[PDB]
Every structure is written in structure tokens, then in C-alpha cells.
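no sequence for this one, just the structure:
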RNA sequence: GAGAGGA
Ligand SMILES: CCC[C@@H](C)[C@H]1CC[C@H]2[C@@H]3[C@H](O)C[C@@H]4C[C@H](O)CC[C@]4(C)[C@H]3C[C@H](O)[C@]12C
Ligand SMILES: [Mg+2]
Ligand SMILES: [Zn+2]
Ligand SMILES: [Zn+2]
Ligand SMILES: [Zn+2]
């Protein structure tokens, strides 16, 4: 009694969303070139290749993999400040690449960056970079507290 | 599920099953009375015309070819005759008398050089009706029927009946008679002896339907202290999620009854108690739970777990792979839309419908979609006017 | 490096038939949604669908 | 009324016996109505409950 | 544990070989003859015309299982392969009757024939030294006596049953001399081949050839060739008293006994015991009994279908394994 | 070497052999039975005992 | 001519015991209750109604 | 991978075009014919 | 139809014993178990080959078309 | 001479032997298990194992990995010779036992 | 799929890939199409390929993985009671492969009484059978039946049962194989990690090795369900009746 | 055309 109803529902659901494509400007669009979404899901991340709960990196397992792949017995463990400096010199050159232009095309004056009225694309990337920095800061803080 | 699939279990049909010309009969060569009977089956005479055989089942994960409901049939038991079946199919022919006082002549049996019949008539006989006991193949006319071209007598268009089958079958009955209106009627029965090939469906009288996953030799099979090898090795994973404890009790009751030389009763709300069967099983020197300790047939050492071992009444179902294999490259196409036909009696393709094309769309495969739904299905070179698009 | 690689890899590649993927992802689980009787978080009287 | 008579099934003996003593519901399809397709306790001993 | 495999109530432990170097720091048990020559032993128990029960001692499971497998489906035998029907009016379909005839064992000793070459046409594929021709010709007619009606169809119909002994044997050429002393006959002449009522005839001719067991079950020489590890029972913490009788009710009768006067349970003979681990169910014999099997002490029970003596079959199995190893050794190691 | 290897109808009721000439009848002769079965071929038929 | 249900008060198989049935090529264990129309075994299924 | 019967792998033909890399293989398949499995069913000439 | 010549699981030739088995049930009426054991059928595969067998050919032969 | 029964798979085989895989046609566990038992008894054999890749094919891939002393081919040859010796010992013992009876 | 030719009449496919199709082997049937152009064939094998579709698109969780009896074989191998000598270990390693992969035998877990390996060691060899295979997996997972350790302060490795699975450097340091480790539906599986870190080919190779291993280990080991596996204990009857 | 398996 449920098979037929589920089949009909799937058929019509597919008939609705039949022609939606992620265009090369990173906008989901329909056949008539009417933009339905400006970025898929707000982040442009395909769920097929996400490795965590609503995050794409699974920080703990990736950190363990990096630890094990590059573990030599005679290596000088850096101080936590050195770890943070490495994180900020690898992450932050990428953060500079995103500038958060205003809706009028001008640049935000560094005092109203988080004014909640100037958010746009590349916000997900900034949040991801901040999460990476926070995770590395947590590891360094654990080392310092030890 | 057992009530559903017990109707489609091949076996004895009637005492006159050999004097009968039906459209499609499935018969069992060596049907066997069930070990664990029921008070109902004595009343409906199911122990006199059974459909199944008592297979020595060993419930054990073996060979890997029995993962999901798949079975492991035992070669050297199929050879001795186990699941051997027969398919009888009738072909009728009416020699109608047309209103123009013209009949249909079954004259045939052409001869090539140096006498002898031609290959297509090699199994036809002098009278145009296939010789009883011969073998026919693709081609091999066995009813050489001719029909007048002036039905609306010399001009006889030949319209023979051709055996169009994938495997040879034998002619075992040819009946010629007339109906009330005095018109000739010929019924030819073709028998085909079938072997339990890989891919045939076997049921277990408990809803444990399965396919013959693999056929392995006798020596590559577990054996007990007495050298018994199982005929069927059913996977143990069919039980824990379907809760067919009745099947385990059937195995124990059957083993105990056959060791005691009697037929045990499995009937609803009663039947042979498990305690008596276990007492009989331990009296003969077997384990109280029916779990013997086997030797691996390929390494020759003990199996580190005792194996549920005993006779289970397994019935072979009619859904055989020989009748279901079907492939097409090119052939008949529909007259209207010029697309391949649908059935199997007509060599036709497999329909790739809306769900399948949506699945292809999901992958984002455009050239494959174009090839499947246009190039390999129906392509037409049309001439469209560039001014008025007609 | 691993985090950045797995992030730049985990972007919806252009040309993806995301509409069909979404429609199937929302319809196929419906084919397995056997009717289970539920209530509104501990309120037996308040029946829900 | 259509489909009153059925060709007797000849696969096993139990198939031909079970085609006899068979009952057909008057409902055509009963698409979503889970009433006539349920196992009413009132049929205990009257109809095969399996 | 040390050439013993324990039988527990829920499992079987220590079923592996562990008789090779590298199993321990002291790399002992390295292969060498003149040490296996003396340890190995054969104790031939009751040997009959169609059965042999010989115990093999101090061989690992691999070799014994290889012998068993070769015995079942490597030792050649002679059975009907092609059946030609001249007339079959019996109710049995022709293919079924041909299968029944093919399954019938033949008391023709192999090595008196040669392998048939499949690469030849049927007109000259079968020779006199290659195949054996068996004829059957049975015609059923009524019995013009005056017995009671509706009685058994043996004194009412003449030749109403067709047995396997109805298979005749006509030699061709040299077969008139080689098979003069021992004409080929069904090893079991009472096999009910077919049944038939008056007016029915079965007339056929079968070209029985030489085949291998792995090809078809009709070519297997033995009914079943098996073995089993010798059972072993350790009665520790003696169980003397009335409880001993209970301890006796588990094992088969001729397995353990109660010592006269001492009224103490003792092992009589473990060879008669089938390991049903019954004592492992009562939990009052948790430490009073320890079951097991001797991992390298098999007791083969070979029984033939009638073609040849079982000891000849086992000898052929050993020779076939040796021939296989030798031929593999002679075969060049190509890349 | 070598090893050689190498129109009648029956009434369904009277079980008697018949020979029907062209355009005479289709019934039996001993009785009036109208059903005839073709006799088995006299030609050799080969079956593998496999 | 009214078709006769198998093993009814009008059928010849009514009260036939293992010899009449054998002479008529009829299986003793056959259920009956079905008609033979155009040489086909057609059974009128029991119809349930309100 | 999926296993296919040779009874249907001999009707499910694939049209391979001669390309001077598989000319020998394709002509060997033609020599084999439509009965032995590693063979061929139909040949379509360039102009015909 | 008739008794299988060979017992599928083991291979024993059980075709010849059938008639003998019937006698052990008709004259000197034993039980089925004792009659089966007296014929040498020790393994239960050969036992179920004979015990659970229907002699259908007896019923089939009542309809011979050459009486 | 029959250069089909035994083949040495080159892809699996390492340089200068000491680890080699062999493909044997028309064989099954019957000889594979006995050969594995005999080879594993050699003091210089580190790895020895057979496997039938697919029951539809008569094949037997047997791999022997020895140490830097005896090549795998010589290990297989000695295993075959020792299997012949074992069969001869069993045959002789059985013959003398049956003759004595 | 890539076609292979076999004598029988049935479309035979590895059971691991039967979770997408929802195949049953109870008598199910399937359709097989053959693309007739190079473009269609290439698009099929590169976009619709099995190796490239190990994850379902609705959630990204793996869906092609160990089915029934493969999880059972893995659990029986990796159960802590398992201890294999050298001959048995080499036979297992030739069973998982086809006598073609060169195996670097690690030092045994137990050395002094005898030389005994462990099922976790043999599965770690299955993951990385050489020093050339690049599959080094670092993973921490938790099975479906995880019993926490006695002390709250203790890590999950010290579980009462095997429980938490710790794999470091492709060595299964602790834990047993399970549906949450080899099966489907979890993003912390061994196959999922192998795929996500080294492409679909290595995951396919590992799954093939596991399937070939478990196709023969259950046959040569024995695993059965009987009436004593479902019968209730003597005191269980009285306790149930009282309750 | 319409009766019924089937997955
Ligand atoms: C290649 C097969 C040849 C076969 C016909 C010959 C060759 C060697 C013969 C055996 C040996 O003599 C040893 C035993 C001697 C006893 O006295 C009788 C039994 C015994 C097993 C013999 C049987 C038979 O006679 C054999 C197998
Ligand atoms: Mg299914
Ligand atoms: Zn125009
Ligand atoms: Zn007549
Ligand atoms: Zn038997």
C-alpha cells in the first residue's frame, strides 16, 4: 500500500527538479537560466564528499593521519606559539584573498566587517578557516597547559 | 510466503499426468514424501503426490556463494538425480475446412539428394507429424502444415510449425483426432528433461526461497564421521532475522524420525515434541541438538563449530533460469513507433523507462542518454524545412 | 594541507545534475518510510502525522 | 462481472487444490483502504489466517 | 594441544597442524624421511569383499584428505555413458531410464580398458579395447496361469520388472578373449531398473566407457570414502559410584564400563564412540571428563560399489597422488 | 576396433494398432473412439547417461 | 447442453472407485468442482459480497 | 565487474571500428566466427 | 517414479533394496526402522532415500495406453 | 614435455626468485593442500599458500616465498620430491601391511 | 560494470555491490545494457562506474561495503580468541589474495610459547599487504555494541569487549571488525577511509581482498545456527514466568 | 484483450 504512493511521489519530485545544474559561476540554475540558488546549500559543498557532521574535514581523523604519516622519533616538537605562527602563516594568506566588498562595491572599513549587513559568498570559507584556526589553537593550548 | 510459493513447487500432479496433454506441466522425476508430515497433508493426500525431496541440509556458511538467500547445491547428488525435473508443453494445430471446400494438408517430408530428409525435416516423419521419441532443435519442423492460398488446391502456402527453443526437447506424444464439427486437430506434446542448473529457485517450506548460488563437487564438501555430505548447504543468516524456529525443529524432528525409521508430525499447535526427538537423537549417538561435528572437505580438518546437520524437505520451484534468460541485439520492431517489441516470445529489448532515465540524468551522462534513448532505440533521418518547421 | 585539499575537493563540481540528486535523495527514503506511530514528544493525546 | 472463471492451475497438486476453495473480494483495487485487506479476528476458523 | 583437538560444549579447539619448523623458536619437525618412515603406521581392521576399515597413524590431515578426495573423484571407473534406444514403450521417459542405467555400477575391473578420445567421430571413437557394449531387451506379456486377480504383479504379468541383471554383455573382437574369465556384470544385480505392464518393451544398447569420479557421480568407485579422528576420552578425577552409571549412559554402550568390584568408570574402547559431547551437557562432569580427538590418527572406512576391492582403491589413490606429484615435477617451469 | 553403434497409430481406448489411408477416416476400428496416438518411432534414438 | 461440473450428481465420476476412474483416464485424487469447456479446465471462484 | 553468460555474450555484440591498432584482433575474431565466443557476428564494410 | 538407484548424499546403491524392504514390511512384519537397519542402511541418507519414497509408478501403470 | 601444466607468474615473482607464484592447470585442493603441507615443512620457506581463483576454471595459484638462500622454484621442486617420498612411504607400508594381514 | 564471461546462465555480481541494487538472490532478475559508442561507454565507465559510486549521494555515507556473512567472517577472524601459526596465516593471506600479492609477514604477536599471530594482524595485512602499497590508514571508530570501560577516566580502547577500533599506520591496534567498521552507513569505516585517502582503486582492492578472504574462511572455519542457539536456559523459563 | 504467479 505504500510502494505505489512512494513511486508516484518520487516521479513528481523528479519532474519538478529535473533540470537544475550547478553552473560554472557556482549558482544552481534551472533550464530557463532563472537562478534559484546563488550558492548550493549556502556553501557550495557537495554532500557526497563531506567527511563530518555538516563539516567537510573531520578534524580529528585528519589530524591523526597527519600525525602518523609524519612521525619521526628524532624531531624537535615546536612550542605552541610556533605552531600558531605556522597556522597563521599558512592560513591567512588565503583569508587575505577574500575582502568582503560592500553591496555598493566599496570595501568595508575593518570596523563593520561583522555588521551582519555585509555578508555574502565566501563567508563559509572564512568560517571554515576560523574553525581550522580554532582547532589548531585548541591543540596548542592543550600542549601549553601540559 | 510458504503458502504463496507452495503452489508453484514442481512435483507430481496426478496419476494420469502422463496421459495428459496440458499447456505447461512441470514434473519431478523422483518426488519424495516429506519427513516431517502434518495431520493436514494426510487428509489432502499430499503424501501421495508430493512436490519435493528430503535434502540433507547442513546449515553453515560455505564457499561464500550463499550470502543473500543463495544456496550451495551439491554436485554428485544432482548427477545421481536430485531436483531433476521435466517440462511438458503442448502445441495444437487445427486443420480448418474453409468455406471454399478447401482443407489444410499436413503433407511434408521433403528429401534432398541421395534420399534422406533435409535438416529442417530431419525429425518430421513420413506423415508430416513429428516422430514420437525423436529430438527437435531450433528449426526442426514437427508439424508440416500447409494452407491454401485461395482460402478467400494446388497452390499450398507452407506454414509449418517450428520448434523455436533455446535447448533441444523431445516429442513424446502426438494425438490426432477431430472435434464435433469434424475438423482435424493435432496436439503434439514436447518433453524437456531439465537438470538443476545454477540459478534455479529452491524453496524450503518455510518461506526461505533461494537460488542455486553454486554447484560444488562432493569432495569439496563437509563430511561427518560416517562420510555423509550435504545435498544443500543453506546459509545460517536466513534464521536470525526471520525467526524460522519451525525450520530448526523440522530438521531435528526429521533427523530423529529417519534415524528411528518413522515419519514425524509437524502440525499446528502440537506435533512431535522436541524432547522426544532429542532423546531419539541422543540414543543413536548423535548430539541432542542435531549439531554434528563435521570435517572440512578442502582442508580435511575439523570445523571449529558444530554444524546443524539433518534432512530438510526442500522443494524445487518452477522459476527456472532456462526460461528467464533473454537477450536482444537486433530483431523485430513495433510497426507503429519502430521500437523493439516488449515480450520474450518476441525478441525484444528491455525497457529503460522514466526512472532509469532519471537515474542516468542524476549521473549527468548526456552522451550515454542520447545513445540509449535515440541511437540504440529508434533513430530516424528526417528532413525539416528551415522556413516552416515541418 | 590535508584540510585545504579536502575542502577544495569537497565543492559541488560545475555541471552536476544537482536537481536529480536532490529529488532522488528526498524521494527514495520515502520508499522505506514504513508507518511508525508517533506522538508529539510525550503527549499521547496529541496525535501527529 | 468479469473474471468469474479462472483457468485451473496445474503446477503441483496443492496448487490445483488451493485454486479450488478460493475466495475473491468484491473490491476492485482498494488502493489505500487498509480495511478489507486486514486480518479480521472474526475469521478465526472460517478463513485461512495465513 | 600437542596432537590433540579438544571437543568443548560450544566449539572445537586446536584443529590446525602445527608440525612445521617456524612454529617455535626450536625449529623442529622439519621434513625428512626415515623419521616419517618409522612414525607412520597402518592397522588394518576388518576387511571385507566390499569394505575396508584401515587406521592410518601419524600423518597430517592434508595427506589423508588428499587420499580421500582422490579416492572419491580421481580413481577411474567404468559406467554407462551413452545409451541407444531401439524401442521404449514403458511409462518411464527415455532420459530417465538412461540415467538409471548410467548410475548402475558394473563389476568390470578397470585397466582392462583405455581412455576414450573425445576428438574422434562416433563411427570410430569407440573400439573393442575402449568401450564395453551392454544389451538390454525385455518384453512384458501377461501370465496365462490362474491365480487370484488383483494380486501382486509378479505372478500376474510375466517379466513385469526389469532389473539391472537384465543388462547383457556382448564382446567385440579381442573382448571375446580378454573378458572370457570375467564377463562384465552389474555389481548389484537386484537394482530395480524399471517396471512395465504387458504390451511394453525396453530394447537398448549402452556403450559403457571409462570415466573419472569428478566428471560424474556414476563414475565414483566407492559409495563413500571417509575418515574420522580417533576419539579420546580422559576420565580424570575418577567417577566411581552410582554416578558412574549415569556417566555410562551418555556414551554409546560399548565405549566405557564400570570396573567389577571397584565400581569405577573406565574407558573400554574409544573406537566405538561417536562424539555427541553428551557428558558436556550435565555440568556435573565439568572436571570429571575431558573429550578430544587424535588429530593425526584417522580410521578410514572405504566401501566399494562392487567394481574393485577397497584396498586396491586406496592403493590406486596413493599411486595417483604420487603420479600427480611426479608429473608436476617433470612438467617444465614455464614463465 | 570399432563398435558399430548402429506409420502406425494406436487407439486411445482399444489400444490397437491402426493404419489410416489418405482420406478414409480418423476414428478407430475395433471401437468408435475418435482419439489416436502416433506410435513411437522405429528409428534409433541416442541418450547420454550423463 | 449444460456443462457439467466435475464430480457432481450428473458427472459420471460421481461414485467411481479406482477402477471406473482408471478406465476413464481420471486421477482418483483430482479435486473436481471445475468445468471442462473448450477442453479447458475453468473453475468458478467463490465470490464474496456484502 | 559482472559475470555474463557466454550464451548472451555471443548475441550482445559491440561495434568496434578497425583502427590499425586492433585490425589483427578484429580479423582474428572474424576468423573465429559467430559460434566460438571470442568471435564476431556481423561485418559492415566502409562503403557498403 | 521408482526408487533412486543411488542415495544422493553418500552414493550407496539403494535401488536394489526397495523390493526387499517391502517384503520386510509385508511378510515378517517388522517396524520400518528395524527393516531399514537390517538392510545395511546405516547412514540416515540411505534411510530417508527408502523410507520417504512414494512408489508413484504403481499408480502411473494403471493408465497404460497399450492394455 | 608439457609447458602448460606449470607456469611461473612473472608479475608476482621478484628478482632472483626467493618469492614466486605458480599457476597450475587442471588441479584443485587435492594436490594444493598436500603441496602446501610439504613445502611449509621446509626450514627455508617463509610463506606458502595455494588458492583456486575461480571454480569455473581449472587453476591453482600456489605462492612460495623463501628467504635469501633457496629460490622458490627449488623450494617447489623439493616439495614435490618430498611429496613423492611421502607417497612412496605410505604405499610401501600399506603394501606390506596388507600382504602380512 | 566491466564484463566477464562465465559458463552459467545468471548475471553474477559480487555481493558487496548488492546493497545499491537492493538485490536479493531469491529469484531476482536484472537488466544489462551494452552501450554502442565510445562516448556512451566512456561516460558510463567514468561517471556510472562502481568504483566511483561507493558513496550514496543522499548522505555521502558508504553504501558498497561488506554485506551479511562478510561481517561475520571479519568478526570471527578478528575475535580476540583468534591465534594463527605461520602456516595458517600464510594460507589465509593466499586466500584473501589469489596467490599473487607479495606479503611482508610482520613479527608475531605472541613469541615465546609459540609463534602466533592475531586476526587483527591478518586484517592489517589485508589493508597493507606490502611495503609498496600506500594504504596507511589512521582511524578511530566505535562498533555497534560498545561497552565502556570500568573507569570513566579510561579511554575507549580499554572497553570491556573489543568495542572501540583503533587503527594506526594501517595496523589494527585494537578493536574488532564490525558493521560500523567494514559495513555501510558510517563515514568512519575502513573502506571509506581507504577510498577518501587513496582513490577508489585502493578501496576496491581492499574490498575484493576481504570478500575473497571471507568466501573461504567461513567454509574452512565453520559457523552454524542450531536449536541450542535459540533454546532458553533452564532458570530463564522460571524467571520469565515470574515476571 | 484480461487471470495469475514473480522480484
Ligand atoms: C596401477 C594399478 C594396478 C593395480 C591393478 C594393482 C597394482 C598394485 C596392486 C596392489 C599392490 O600389489 C599391493 C596390494 C597387494 C595385495 O596382495 C592386494 C591388494 C594390493 C593393494 C594390490 C591391488 C592391485 O592388484 C594393485 C593396485
Ligand atoms: Mg529478492
Ligand atoms: Zn517549408
Ligand atoms: Zn478403438
Ligand atoms: Zn547414503
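Here it is on my side, so go on. Residues are numbered from 1 along each chain as shown, chains lettered A, B, ... in the order given. Ligands and ions are numbered 1, 2, ... in the order given.

which SSE is the residue lying closest to residue K:221 once chain neighbours are set aside in?
In space, and not counting its chain neighbours, residue K:221 is closest to residue B:304: 5.7 Å by Cβ to Cβ, 6 or more residues apart in numbering or on different chains. Where you see a C-beta, it was placed from the backbone N, CA and C, and this is true even at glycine. For residue B:304, there is no helix or strand it lies in under DSSP states H and E.

ditto for the one 4 residues further on
Taking DSSP H and E as the criterion, residue B:308 maps to strand B:307-316.

how about that strand against chain I, any contact?
Yes: using Cβ under 8 Å from any Cβ of the partner chain, strand B:307-316 reaches chain I at residue B:311.

can you list the strands that that strand pairs with?
Take DSSP bridges as the rule and strand B:307-316 pairs in its sheet with strand B:53-59 (antiparallel), strand B:201-203 (antiparallel), strand B:291-292 (antiparallel).

which is the next helix or strand following that strand?
helix B:354-363.

helices or strands up against the helix or strand following that next one?
Heading C-terminal from helix B:354-363, the first helix or strand you meet, by DSSP H and E, is helix B:366-370. On a contact count with 3 or more Cβ pairs under 8 Å, 6 or more residues apart in numbering or on different chains; DSSP states H and E, helix B:366-370 meets helix B:354-363, helix K:38-47.

what about stretch B:83-97, near chain I?
No: Stretch B:83-97 lies out of reach of chain I by Cβ under 8 Å from any Cβ, never closer than 9.5 Å.

what residue in chain C comes nearest to chain A?
Distance from chain A to each residue of chain C (Cβ to the nearest Cβ) is smallest for residue C:19, at 2.9 Å.

which residues does the nearest residue to that residue once chain neighbours are set aside form a beta bridge with?
In space, and not counting its chain neighbours, residue C:19 is closest to residue A:20: 2.9 Å by Cβ to Cβ, 6+ apart. Note on residue A:20: beta-bridge partners by DSSP bridges are residue A:30.

A strand includes residue I:28, no?
No: the assignment for residue I:28, made by DSSP: H, G, I helix; E, B strand; the rest coil, is coil rather than a strand.

that one: neighbour count?
8 (other Cβ atoms under 10 Å in any protein chain shown).

now it: how far from residue D:12?
Distance of residue I:28 to residue D:12, given as Cβ to Cβ, to the nearest Å: 37 Å.

do residue K:99 as well
47 Å.

cool, residue E:133 as well?
Between residue E:133 and residue D:12 the computed distance is 41 Å (Cβ to Cβ).

which of those two has more neighbours?
residue D:12 (28 against 21).

surely the more buried one is in contact with residue B:14?
No: look at residue D:12 against residue B:14 with Cβ atoms under 8 Å: they stay out of range, at 10.4 Å.

re earlier: tell me the most buried of the strands paired with strand B:307-316?
Ranked by mean neighbour count, the strands paired with strand B:307-316 are led by strand B:53-59 with a mean of 29 (mean count of other Cβ atoms under 10 Å in any protein chain shown).

do that strand and ligand 5 meet?
No: with Cβ under 5 Å from the ion as the measure, strand B:53-59 is seen stopping short of ligand 5, the closest distance being 8.6 Å.

distance from that strand to the middle of the chain?
20 Å (Cα atoms, centre = their mean, to the nearest Å).

just stretch G:11-22 next, same as before
Its chain's C-alpha centre and that of stretch G:11-22 lie 11 Å apart, by Cα atoms, centre = their mean.

contacts for it?
G:4-8, G:24, G:26-28, G:32, I:62-63 (Cβ atoms under 8 Å, 6 or more residues apart in numbering or on different chains).

any quick PyMOL command for the buried ones out of the residues you listed?
With 16 or more other Cβ atoms under 10 Å in any protein chain shown as the burial test, the buried ones among the contacts of stretch G:11-22 are selected in PyMOL as follows:
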select buried, (chain G and resi 5+6+7+26+27+28) or (chain I and resi 62+63)
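
now, which of the contacts of stretch G:11-22 sits nearest ligand 5?
residue I:62 (31.1 Å; Cβ to the ion).

and the residue of chain I nearest chain G?
residue I:62 (4.7 Å).

contacts only, for that residue.
By Cβ under 8 Å, 6+ apart, the neighbours of residue I:62 are B:15, G:22.

who's in contact with residue C:29?
residue K:58.

helix, strand or coil for it?
Once three-state DSSP is applied, residue C:29 turns out helix.

any idea how far residue A:11 is from it?
15 Å.

list residues touching both of residue D:12 and residue B:14?
Contacts common to residue D:12 and residue B:14, judged by Cβ under 8 Å, 6+ apart, are residue B:49.

now the residue nearest the centre of chain I: how far from residue I:54?
The centroid of chain I falls nearest to residue I:18 when counting by Cα atoms, centre = their mean (3.3 Å). The span separating residue I:18 from residue I:54 equals 12 Å under the rule Cβ to Cβ.

dihedrals phi and psi, the residue lying closest to residue F:11 once chain neighbours are set aside?
Among residues not flanking residue F:11 along the chain, residue F:28 sits closest, at 3.7 Å (Cβ to Cβ, 6+ apart). As for residue F:28, its main-chain torsions (degrees, to the nearest 10) stand at phi -80, psi -180.

what's the burial count for residue 30?
Reading this off chain A. Residue A:30: 14 neighbours (other Cβ under 10 Å).

ah, I was thinking of chain K
If you count neighbours by other Cβ under 10 Å, residue K:30 ends up with 11.

what about it, distance to residue K:24?
11 Å.

what of residue K:4?
Taking Cβ to Cβ as the measure, residue K:4 falls 22 Å from residue K:24.

one more: residue B:1?
13 Å.

residues contacting the spatially most central residue of chain J?
With distances taken as Cα atoms, centre = their mean, residue J:35 lies nearest the centre of chain J, 3.7 Å away. For residue J:35, the contact set (Cβ under 8 Å, 6+ apart) comprises E:325, J:50, J:62, J:76, J:79-80, J:83.

closest to ligand 4 out of those?
For the contacts of residue J:35, the nearest to ligand 4 is residue J:50 (68.9 Å; Cβ to the ion).

beta partners of the closest one?
Under the criterion used (DSSP bridges), residue J:50 bridges to residue J:62.

pretty sure it contacts residue J:36?
Yes: in this structure residue J:50 lies within contact range of residue J:36 using Cβ under 8 Å: 5.5 Å.
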